[PDB]
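Got a structure for you, written out below as structure tokens; questions coming shortly.
Going by the order they are written in, the chains are A, B, C, D, E and F; count residues from 1 in each one.
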Amino acid sequence: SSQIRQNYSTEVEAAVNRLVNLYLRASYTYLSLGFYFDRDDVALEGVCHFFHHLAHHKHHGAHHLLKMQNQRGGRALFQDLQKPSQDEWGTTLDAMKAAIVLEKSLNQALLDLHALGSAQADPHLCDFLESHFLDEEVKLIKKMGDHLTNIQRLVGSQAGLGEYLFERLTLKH
Amino acid sequence: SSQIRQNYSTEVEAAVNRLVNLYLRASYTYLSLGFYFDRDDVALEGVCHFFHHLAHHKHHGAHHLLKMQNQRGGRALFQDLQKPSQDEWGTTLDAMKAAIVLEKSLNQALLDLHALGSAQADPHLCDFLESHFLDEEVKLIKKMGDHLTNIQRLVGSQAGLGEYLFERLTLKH
Amino acid sequence: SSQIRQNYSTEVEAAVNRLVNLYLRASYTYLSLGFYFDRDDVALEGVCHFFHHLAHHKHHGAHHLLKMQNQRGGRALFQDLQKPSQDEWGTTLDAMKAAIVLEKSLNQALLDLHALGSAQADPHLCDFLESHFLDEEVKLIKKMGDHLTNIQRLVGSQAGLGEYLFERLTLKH
Amino acid sequence: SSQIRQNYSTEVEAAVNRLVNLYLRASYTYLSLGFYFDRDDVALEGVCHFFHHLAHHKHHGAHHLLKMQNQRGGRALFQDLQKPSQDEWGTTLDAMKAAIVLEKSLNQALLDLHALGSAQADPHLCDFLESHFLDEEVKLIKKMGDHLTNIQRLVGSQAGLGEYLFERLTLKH
Amino acid sequence: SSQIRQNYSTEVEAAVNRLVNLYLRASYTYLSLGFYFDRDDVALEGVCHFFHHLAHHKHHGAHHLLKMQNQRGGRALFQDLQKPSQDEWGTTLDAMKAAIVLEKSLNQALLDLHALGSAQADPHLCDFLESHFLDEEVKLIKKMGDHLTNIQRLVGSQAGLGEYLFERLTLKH
Amino acid sequence: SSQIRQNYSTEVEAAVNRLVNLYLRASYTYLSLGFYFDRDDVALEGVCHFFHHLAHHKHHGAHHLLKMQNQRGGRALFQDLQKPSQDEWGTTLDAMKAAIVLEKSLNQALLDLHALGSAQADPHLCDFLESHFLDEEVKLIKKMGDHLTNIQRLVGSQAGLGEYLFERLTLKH
């Protein structure tokens, strides 16, 4: 029986715990993507840094959701975290395609939770997602789309050259 | 067929991937312990900070192991991460007892891997564990033992008072 | 046959060598007291620092006596140093009681040597003890008495709580 | 008859002198590789700087081994230094392949000496190699493997373009 | 029954307490050597400073061993400290010969304990001795050997002149 | 067929490669001389530093010759480097006599190459040797002659004393 809980539905509490799982799964996926690009037989430092920074960002997102759960008087509940969908991530292009799929799934989870908060008349939850997550997701997906276009442009008939140039001249090393 | 791999056994490579799993499980356990102490109905900030800093340290340990795996020409392989052993962690004393159990299990995993590296005549692996992990673990376990003794001293017949004073005067808020 | 010795009795020379033994025994006792309080199953950092600083002070006292022995043209002679009187030192209260007993024995040795110097009309020795040792001893014994009173006040019927609070709020960590 | 020698086998002393020869041969090989890339008809400044910095590093390694030989009470003995295996070093790719072969041979010599020190119960020698050489070698071989992968990616069907871009955008000029 | 002890044999615990005794005996020997050189009838300030700095170093070594004993969950046990082997230490040459004998005995005690730790599969103990003591001992013995050679060179048929010049031009005053 | 080579005879090109061999042999000789003086049973730090600085200078000379070979469009060709003429170098006097013999042989090689350049009407080569090498050699030989005179003065009938004083008061430690 919570001393602080007010206007915080069990449905939102549960959805917040599921979204924490999704963010931690996303962080784990980005950890795996980064270390694949660090392999001596892949060796694309800028791609490794791009994904490791996203791993840190998704962990921070989980921390914000868990802090908000406690601020509202909900109860953090952790589930098993599934391994990433692949052990090897192919080319930079394959990896950036897999990343935008992942981000679109996170974005839909955020929109779904926002819609539940709207239906539950939970404006604190709706504001929380707007201020911490919805514009970060739109900006990240726009950046990944920009990268996909530049990677695609660079394939031509010299894939290796393009993959090197993208990593050297667009990403940070 | 690795261009860099030299003196790096498949047995060590696999053991390193298992130890990464153990460190990431430990990080997840500390995430759960920290957010339990952040609950409005628990509210021990110094205990929350103690465990969240350990969560970050264990994540960094996993990152070091994964960097070393790639430096040696091994292949990072990620498995499902099991949820922490509890959803609620009891008193500071219960939590610090669970933490020293966890740390003793990590320490034994480090000693086991060191012994495998010794048997495989892999001095780079042995040095790596000595320089990054074995003394950090001894120092952390000594610190937890010191804390257990101070928590135990403070229980007396006023458990609440002792739990507050330990958090206020030994831990950092 | 000393080129510098003047007004320096064989009795004082010998007493100075015995007092060096007493100071080095005191330093050793404080080394043992400090490491007992550093044990994981004792874990009172401020008590450990209190005694280790006294170990350093008593070593410096021995160094001053040995420097003065050579300045007067006496001959330093070292004897076996006996181990401390205990291997385990009980509570902070037991330890501070043992420390004030030790300090009272040092103080009496200083007064005895001062009286011998007075009888031998050795004003340099008398001045030396007044300026380096007699007021330091009075001040240290007064400080230990103050601590004993505060420790005693804190025992009540919650010994553990009192022992923690004294270490946290009077001693330095 | 050495005044300082203790626990330092004739076998280790001799192996240390042979390893000094290997390091000085490696320094000489890197001197030759660097000046080949400085030729007006090769003209890859970043490749010249990469190899000349390794020449300096291998000379410093020899100096450390010779200092340690004297610290242990062994006797430095110098042998003829063989010229490098080639007069002309082909492409950047040929040169980086020859460098990783050379480094793998140095690394095996270090592991062999570490194993001899282990068998001779010479922990100072084992520590010395761990602290000065084994991780530097692993890190250098990982860096060369990363470079090989990037050079290979860049060959495509425009070898010249790739060789220029690698030197301009990965190496330092 | 220790809350922290893990992989720490009773054999190592006892050997660590004996090595503490050896270090404190060494500190006491250096205290006596330093004050002999401070005598008005010896008066070699640089030799006095050389030995007093070693006395401080050996005391610090004992403190490190005692800290590590508690970090591992062993129990510090102190024994009587025997007086130094001599009351008067002869020439600088006699004293530096006695010092290198002492250091070789400490070094053998360190190697013996390292070998016991190796046999007990105690890599934390082995690392601890490597990182804190084995190279300091090799470096100190090399320095003493260098000094012995310079002192020996200076004896000629004017021992006094040589002893003065060594103290003035090699040691620090 | 060189794009840059102009007025650069095959005779000079070959002589430059031989002089590189002589400089690298000289560097190796100075490496051996320096480590002999670092021995615990020789222990003359200033003599060790004197020779190690010359080893570095002779390596730099080789680097200048090799840079100039490429600037002129000649081709660096490396030969086996012979070990130094001795394993042990006797007294400071023996060593400084061997050094001035070595320097006189380098100086004659420089004069011989200058004479060949003069005969070949190669003023760039002649200027190069004048500006980088001929005055450095004259100055170094003058310094060694000055040292020989001071060492010789100091032998008297107390060789050891003189050898110590020269190292302490003329050379740098």
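By our rule, contacts are C-beta pairs under 8 Å (C-beta built on N, C-alpha and C of every residue); 3 or more make two chains touch, one makes a residue touch a chain.
Molecules present, by chain and UniProt name: A, B, C, D, E, F = Ferritin light chain.
Engineer: Where are there more C-beta contacts: D-E or A-B?
Structural biologist: A-B
Engineer: In terms of contact pairs by residue number, which of B-C, A-B or D-E shares over half with E-F?
Structural biologist: B-C
Engineer: Rounded to the nearest whole Å, what is the centre-to-centre distance of chain B and chain E, using the mean of the C-alpha atoms as each centre?
Structural biologist: That pair's centroid distance is 37 Å.
Engineer: Report the inter-centroid distance (CA atoms only) between chain C and chain F in whole Å.
Structural biologist: The answer is 64 Å.
Engineer: Could you grab the centroid distance between chain A and chain D? Build each centroid from C-alpha atoms only and quote it in angstrom.
Structural biologist: 43
Engineer: So the centre of each chain is just the mean of its C-alpha atoms; given that, what is the distance between chain D and chain F in Å?
Structural biologist: Chain D and chain F have C-alpha centres separated by 25 Å.
Engineer: Which residues belonging to chain E are in contact with no fewer than two other chains?
Structural biologist: Only 3-4, 70, 73, 126, 142, 145, 148-149 qualify.
Engineer: Can you tell me which positions in chain B touch chain C when the two form their complex?
Structural biologist: Residue list for chain B touching chain C: 142, 145-150, 152-158, 161-162, 165-166, 169-170.
Engineer: Under the touch definition given earlier, write down the residues of chain B that touch chain A in their complex.
Structural biologist: 2-4, 24, 28, 31-32, 35-36, 38-41, 59, 66-67, 69-70, 73, 75-84, 87
Engineer: What residues of chain D sit close enough to touch chain B in their complex?
Structural biologist: Touching chain B from chain D are residues 100, 104, 107-108, 111, 114-115, 118, 126, 129-131, 134-135, 138-139, 141-142, 144-145, 148-149.
Engineer: Within their complex, state which residues of chain F touch chain E.
Structural biologist: Spelled out, the residues of chain F in touch with chain E are 40-43, 45, 158, 160-161, 163-165, 168-169.
Engineer: Inside the complex, what are the residues of chain B that reach chain D?
Structural biologist: Answer in residue numbers: 3-4, 6-7, 70-73, 121, 123-124, 126-128.
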